[PDB]
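> any chance you can model this:
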Amino acid sequence: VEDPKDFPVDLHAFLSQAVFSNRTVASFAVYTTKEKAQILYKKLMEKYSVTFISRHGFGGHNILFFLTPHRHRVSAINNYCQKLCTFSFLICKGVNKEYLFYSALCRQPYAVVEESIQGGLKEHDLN
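Numbering: from 1, shown residues only. Below, you will see the structure:
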């Protein structure tokens, strides 16, 4: 009932709303439970050989942010993520603003719980 219908409003700027689009992208964000995000963190690594992935706390919920070496459809990533939820909510969107989205997720009200590279992203890695 009180499950979020979208990402927090302060992150909407960094996100594509075209969840059914045909355009393949390489930057993704997932909003779900801490339970489901803890699971997807590793499963996405082995599914999409992600170049970077980071997990970010927000109250009880989590935001996963990841980059893939090949482009994918957002609907494809979401479909995979939806398999590993059942009754848990899950919001999956393409990220149009990679290092800035990430930096918002590294500051209040968010916090980085874990990430696949020590020190996380450097802005020069994306540029």
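
> chain neighbours aside, what residue packs nearest to residue 70?
What sits nearest to residue 70 in space, not counting adjacent residues and going by CB to CB, 6 or more residues apart in numbering, is residue 26, at 7.2 Å. All C-beta atoms are positioned from the backbone trio N, CA, C, and that covers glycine.

> for residue 2, see how far away that neighbour is.
Separation of residue 26 from residue 2 (CB to CB, to the nearest Å): 33 Å.

> more crowded one of the two?
When neighbours are counted by other CB atoms under 10 Å, residue 26 and residue 2 differ, and residue 26 comes out ahead with 17 against 4.

> ok, the strand or helix carrying the more buried one: who's next to it in the sheet?
Using DSSP states H and E, residue 26 falls within strand 25-33. Sheet pairing of strand 25-33 (DSSP bridges) gives strand 61-72 (antiparallel), strand 90-94 (antiparallel).

> and those strands, which is most packed in?
strand 90-94 (a mean of 22; mean count of other CB atoms under 10 Å).
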